[PDB]
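Visitor: I have a structure I would like to understand better, so I am pasting it below and will then ask my questions one at a time.
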Amino acid sequence: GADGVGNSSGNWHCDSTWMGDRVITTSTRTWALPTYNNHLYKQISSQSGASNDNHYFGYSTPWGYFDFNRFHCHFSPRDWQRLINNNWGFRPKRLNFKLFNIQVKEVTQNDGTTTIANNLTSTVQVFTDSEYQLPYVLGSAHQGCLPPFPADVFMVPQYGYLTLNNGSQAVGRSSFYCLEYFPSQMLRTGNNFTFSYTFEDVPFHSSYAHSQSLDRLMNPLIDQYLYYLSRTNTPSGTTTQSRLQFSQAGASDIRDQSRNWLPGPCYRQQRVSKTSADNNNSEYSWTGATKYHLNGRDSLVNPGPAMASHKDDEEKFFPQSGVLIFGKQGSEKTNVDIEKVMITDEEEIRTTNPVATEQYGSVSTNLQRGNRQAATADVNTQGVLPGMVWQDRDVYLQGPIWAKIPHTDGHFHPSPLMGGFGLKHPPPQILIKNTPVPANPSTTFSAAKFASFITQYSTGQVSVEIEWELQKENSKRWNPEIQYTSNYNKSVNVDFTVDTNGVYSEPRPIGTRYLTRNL
Amino acid sequence: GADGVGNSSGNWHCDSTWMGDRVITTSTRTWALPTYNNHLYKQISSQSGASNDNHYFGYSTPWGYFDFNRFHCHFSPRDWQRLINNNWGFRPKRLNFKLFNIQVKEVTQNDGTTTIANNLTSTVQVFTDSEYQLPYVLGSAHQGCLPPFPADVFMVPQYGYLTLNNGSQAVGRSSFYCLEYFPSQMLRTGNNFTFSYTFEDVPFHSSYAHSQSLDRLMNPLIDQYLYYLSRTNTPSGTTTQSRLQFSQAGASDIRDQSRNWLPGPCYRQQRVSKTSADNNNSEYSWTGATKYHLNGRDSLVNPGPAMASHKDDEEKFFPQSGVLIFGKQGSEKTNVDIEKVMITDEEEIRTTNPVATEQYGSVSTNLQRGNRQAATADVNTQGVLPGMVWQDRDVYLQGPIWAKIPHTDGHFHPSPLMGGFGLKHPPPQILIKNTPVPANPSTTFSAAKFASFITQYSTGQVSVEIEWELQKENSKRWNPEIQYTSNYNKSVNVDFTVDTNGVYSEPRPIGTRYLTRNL
Amino acid sequence: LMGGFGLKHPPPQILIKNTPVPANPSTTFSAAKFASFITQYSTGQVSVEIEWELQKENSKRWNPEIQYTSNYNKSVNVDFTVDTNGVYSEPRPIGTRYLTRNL
């Protein structure tokens, strides 16, 4: 699209409509973009000394990108609630994007006095990496997505990436991608950039919780017909004499019943409690946390494989890195106290996946014989096994929406671990930069790189609309399901509202599983 | 319809489907019908002495009728919840009824031993008073409607009615309707009786609560332009000297602001509190309760005109007869203690209708002058006034569904007072009786009325399906609405479930207003 | 009650705002809400036209009806006019009932 200077390049679309089966969440926000790295690509690396587990090598670019991989960039409390309360599941189908009403300003810091003014002509160029030839950054839970609250103006993030490294230094194989080596489209004012995408058949996120659970799944009333090993030894006057007898598992017997499927896999996490007291006093934050390691650098295992966060009656506990944790609007960056964060809870799964903090089961160790007692041992890490079945990490309104499946020789069940939809070809990276403006050059020629540009930034609005599909409920469940509600009682502030000084804020994390489906 | 003896006259339909705009609740239950008044019509009257406010005269009939004027005869907790959580309103549209698989048994109490057996031939006759020529009983909140819970078998109520009376005695004008003077259709087994109805344009029951309220309705930011009387007298050195000055109502001024509409009407009720303590000790149950009176008999004013049950912070109180009160499954018939009942609460209205227990406003009494102070007085009964606006009593799952608008020269806004839909021509009364079976007659003729019949009753199932329309939500409300949920925490029994001895039970009354619409 | 026409769906609310203008942002990224905008306001004209219907008089009333007139006598200022310093002003409230119909 194209037009004039006194012509709005696009209108403001920010609705949300439900169609019974679909529902489209349109949404627009105003943004701003500075000139990063003063227009140059800069090489960047870990700090020489820095622990090995923390080295790196890569580049930062003068390019800034766009991102809305956060559910709340599309759903509004209320809306989300609608969804989350009457749908067995849902998934994204297609999207449409558009930047417009772009405007380029140029600040002038003459002595003790700045003065911003329109640089009409100068441009901002955009380009979408629709061929995925660029290090996909999104999906890395970074923060600089869209504001949950419309009215909020925002700054565009700067693109940076990482290649290979042998400590703080580069290794040859590492590649250096240059963003100008693409065909950016250049916008001036009166210019807009639209583009549209279509998702790929993915599974509806399961937005329901299970009423039955693996173990308790058969019918009480009837005993099976298969037998199991009831007792081993037997009374012989005073002493026992080994004599194995078997029984037919019934209701009273349950624990012993024969089955057909196994809980999901696991990778044991340390348990910490919301109650300061209980927790051993010391620094096992890193030392005790569950991790894995590549090329000799141990990394953390955050968002561990999807597994319930606490047994019955222990909402007080949680994994050291088995859950998602968001900050309460305002919460500072580092070492903030428990009271400043919102920890997610995944009890809803218990029913199928193991509890993060407790071992999977316990396999037998030795082979018993008359002169040898029967061994056994608990298992803290069980990789996928036939017959296992499980549930993936719920979603949360202010959580990630999707993530790119890495291009590898092999993947195994790609639901992104941080939760979300695992996409092979996700929404392409959208980039934006401000074509430089060489400030006054010298009369006599010089072949040096230009270094003195006009100080200036851009701004303008952006809009994103997405169509989601739904799987409606359908249970013959007689008694009421659970629903997500807002507290009745009076409060000094409404949840998901602007305070007295107009600061919007999300009180709690809102999950997705409320409706109840049987297993 | 018709067929054979070994042929089910109908199947069992008991589903419930939602179509986005409609939703059909089908429902079938098994029933039983005895032979009332041993087959005769009996004249009936108050007990000679009995307080005048309690006299009456009328008849009881050998006929039993059918009734489902209770929302839970169609909605199942869950279902109801669906409705009640995502709909600005709804109303009934049409219905279809069918009796079938009728079966007539005949008990034999030979000495110390009864023995029931099939009287194949004998019949049960049904007939619907589709011309409303019979005293419409339904709508009178009687109890003998359908079981909320399907699996429950039930007994059919007996038809009785009331005419005029001058104390315990009849007055001529009083009519005596005879049920045989209709064309009953006679069913034998293999016979079924279907019939269908269509409702009449009625208003969707408002199933939402108001976010604004009459008083607080204008915009804070701006002061009006109309002036009101700020002060009357004025400082004159030591003494005041009358000097009326006026102000322009603003935010701080609010109470004084000029408006455009008035709260609904009222009829003051006594306030009682759920807290035994507070309540004055004595018997003002009748003496103090709000009532009205015709032909010299004071009757009670139950379900008073629709008006909020308590101001902010007083959920502890309520009208003496301004609310609906249901029994907790089991609760005996008389003088049962507060702990045995469930009292409905209509706070949701506060916003438009007056509070039942507190006066409407206060009008001025006298005309003031120098030598006369300004009078004033509170008003406890305000009949409809121009500009008044209000809300009708909510509904409640186990509440009435509708009621017949009395045939009179004049009605005023017919939403039935007990709540529900006011119908001009409501679902016709359906009646049923068992054609008598003269037990063995004497060889020699006698012209006396037959008095010795075969002892026998009937049974068989009945089905009722109804189509309701809906008005879906549609508010730009950002923050979450309130929804109806079931408690998370463990409990010995699930709500709306059968206990250990299979006794279904409704824990609490469930209203209808949860979703929030602005005023 | 304040008088007027009672409408079920009255003339819809018309709103207007000035899309914000982020004044100069910092070179290094920050995910905070933008708080420094360009100071600016808007202006321009607006127009509203409305069509009203009428019910004309029709009485066999012989003698003159009452009408609303402006005072004959001289005055320092005309009613519904700008004073000496150009300040328009409505002298009195003007009602609507003048013409006389029988009950």
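Residue numbers (the deposited numbering), protein chains in the order written: chain A, 80 to 598; chain A', 80 to 598; chain A'', 496 to 598. A prime marks a further copy of an entry chain.
Using N, Cα and C, we set each Cβ at its ideal position, and we do this for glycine too.
1) Might you give, ordered along the chain, the residues of its own chain that have their beta carbon closer than 7 angstroms to the beta carbon of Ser565(A), omitting 5 neighbours on each side?
2) When DSSP builds the beta bridges, which residues end up paired with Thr444(A)?
3) Less than 7 angstroms between C-beta atoms, sequence neighbours within five positions excluded: which residues of the same chain meet that for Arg451(A')?
4) Taking contact to mean at least 3 C-beta pairs separated by less than 8 angstroms, is the stretch 95-107 of chain A in contact with the stretch 184-193 of chain A?
5) Are at least three pairs of beta-carbons, each pair with one atom in the stretch 339-348 of chain A' and one in the stretch 449-467 of chain A', less than 8 angstroms apart?
6) Exposed or buried, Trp142(A), counting other C-beta atoms within 10 Å across all chains shown (16 or more means buried)?
7) Quick one: list the residues of chain A' neighbouring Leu496(A''), beta-carbon separation under 8 angstroms, in chain order.
8) Can you give me, in chain order, the residues of the stretch 553-576 of chain A' that have a beta carbon less than 9 angstroms from any beta carbon in chain A?
9) Step through the CB atoms of chain A and report whether any lies within less than 8 angstroms of the CB of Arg157(A').
10) Measure the alpha-carbon distance for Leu510(A') versus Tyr475(A') and round it to whole angstroms.
11) Check for me: the beta strand (DSSP E) holding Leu266(A) runs from which residue to which?
12) Rounded to a whole number of angstroms, what is the C-alpha to C-alpha distance between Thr354(A') and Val543(A)?
13) Between the C-alpha atoms of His153(A') and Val541(A'), what's the straight-line distance to the nearest angstrom?
14) Can at least three beta-carbon pairs, one atom from the stretch 170-188 of chain A' and one from the stretch 265-285 of chain A', be found at a separation below 8 angstroms?
15) Can you pull the DSSP bridge partners for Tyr583(A)?
16) I'd like to know whether the C-beta of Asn519(A'') is nearer than 8 angstroms to at least one C-beta of chain A.
17) Taking only beta carbons into account, state which residues of the stretch 157-189 of chain A' come closer than 8 angstroms to chain A, listed in chain order.
18) Which residues, taken in chain order from the stretch 92-105 of chain A', show a beta carbon closer than 7 angstroms to some beta carbon of chain A?
19) Counting only Cβ pairs nearer than 9 angstroms, list the residues of chain A'' close to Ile511(A).
20) May I ask whether a heavy atom of the ligand FMN can be found less than 7 angstroms away from the beta carbon of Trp91(A')?
21) Taking all protein chains shown into account, decide if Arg429(A') is buried (16 or more other Cβ within 10 angstroms of its Cβ) or exposed.
22) So the candidates are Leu241(A'), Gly218(A') and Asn558(A'); which of them puts its Cα closest to the Cα of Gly137(A')?
23) For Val203(A), list the residues DSSP reports as bridge partners.
24) Which term fits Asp473(A'), buried or exposed, when burial requires 16 or more other beta carbons within 10 angstroms of its beta carbon?
25) Does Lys528(A'') come within less than 8 angstroms of chain A when only Cβ atoms are used?
26) Relative to the alpha-carbon of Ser247(A'), which residue among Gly501(A'), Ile123(A'), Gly218(A') and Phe524(A') has its alpha-carbon at the smallest distance?
27) To the nearest angstrom, how far is the alpha carbon of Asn358(A') from that of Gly499(A')?
28) Mapping DSSP to helix, strand and coil, what is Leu162(A)?
29) Under 9 angstroms Cβ-Cβ, which residues of chain A'' neighbour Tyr346(A)?
30) Is it true that the CB of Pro515(A'') sits closer than 8 angstroms to the CB of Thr107(A)?
31) Do you know whose CA, among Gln399(A), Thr317(A) and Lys395(A), lies nearest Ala368(A)'s CA?
32) At the level of alpha carbons, what is the spacing between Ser531(A) and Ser521(A'')?
33) Whose C-beta lies closer than 7 angstroms to the C-beta of residue 25(A') among residues of the same chain, with five residues either side of it excluded?
34) Unbroken beta strand (DSSP E) runs of length 3 or more, entirely within the stretch 411-467 of chain A: which are they?
35) Cβ of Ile589(A'') less than 8 angstroms from any chain A Cβ?
Guide: A quick look at the data gives this:
1) Within the same chain, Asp574 come within 7 angstroms of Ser565(A) by CB-CB distance, once the 5 residues on both sides are set aside.
2) Within the DSSP bridge table, the entry for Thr444(A) names no partner.
3) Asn445, listed in sequence order.
4) With fewer than three CB-CB distances shorter than 8 angstroms, the stretch 95-107 of chain A does not count as touching the stretch 184-193 of chain A.
5) Using a Cβ-Cβ distance cut-off of 8 angstroms, the stretch 339-348 of chain A' and the stretch 449-467 of chain A' are in contact, since at least three pairs of beta carbons, one from each stretch, lie closer than that value.
6) Of the other Cβ atoms in all chains shown, 16 or more fall within 10 Å of the Cβ of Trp142(A); this residue is therefore buried.
7) Per Cβ cutoff of 8 angstroms: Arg338, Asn339, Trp340, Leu341, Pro465 and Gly466.
8) Answer set for the stretch 553-576 of chain A': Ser554, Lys555, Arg556, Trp557, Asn558, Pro559, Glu560, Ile561, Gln562, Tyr563, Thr564, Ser565, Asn566, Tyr567, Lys569, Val573, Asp574, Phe575 and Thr576.
9) Proximity of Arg157(A') to chain A, defined by a Cβ-Cβ separation below 8 angstroms, is satisfied.
10) Near 27 angstroms, if we compare the C-alpha coordinates of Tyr475(A') and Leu510(A').
11) Unbroken beta strand (DSSP E) run through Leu266(A): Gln264 to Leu266.
12) The straight-line gap from Cα to Cα measures roughly 56 angstroms.
13) Roughly 13 angstroms separates the two Cα atoms.
14) Contact holds: three or more Cβ-Cβ distances are below 8 angstroms.
15) Bridge partners of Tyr583(A): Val577(A).
16) At least one CB atom of chain A sits nearer than 8 angstroms to the CB of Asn519(A'').
17) The stretch 157-189 of chain A' vs chain A, Cβ under 8 angstroms: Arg157, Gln160, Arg161, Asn164 and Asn165.
18) Listed by position along the chain: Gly99.
19) Going along chain A'', no residue has its Cβ under 9 angstroms from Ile511(A), so there is no contact; the nearest lies around 14 angstroms.
20) Among the components modelled here there is no ligand, and therefore nothing to report on the ligand FMN.
21) With 16 or more Cβ atoms within 10 Å of its Cβ, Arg429(A') is classed as buried.
22) Nearest of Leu241(A'), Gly218(A') and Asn558(A') to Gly137(A'), Cα basis: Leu241(A').
23) In the DSSP secondary-structure assignment, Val203(A) is bridged to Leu266(A) and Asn513(A).
24) Its Cβ being crowded by 16 or more others within 10 Å, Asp473(A') is buried.
25) Judged by the 8 angstroms Cβ criterion, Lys528(A'') is in contact with chain A.
26) Distances from the CA of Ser247(A') to each of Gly501(A'), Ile123(A'), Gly218(A') and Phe524(A') were compared; the closest alpha carbon is that of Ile123(A').
27) When only Cα atoms are considered, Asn358(A') and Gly499(A') end up about 32 angstroms apart.
28) Of the three classes helix, strand and coil, the one that applies to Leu162(A) here is helix, per DSSP.
29) Near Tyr346(A) there are no residues of chain A'' at all, since even the closest Cβ is about 32 angstroms away, more than 9 angstroms.
30) Cβ distance not < 8 angstroms, so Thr107(A) and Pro515(A'') don't count as in contact.
31) Put simply, of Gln399(A), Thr317(A) and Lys395(A) the residue whose alpha carbon is nearest the alpha carbon of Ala368(A) is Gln399(A).
32) The straight-line gap from Cα to Cα measures roughly 18 angstroms.
33) This structure cannot settle anything about residue 25(A'), because the visible part of chain A' is limited to 80 through 598.
34) Correct list: 420-422, 440-442 and 456-458.
35) No, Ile589(A'') does not count as interfacial toward chain A.
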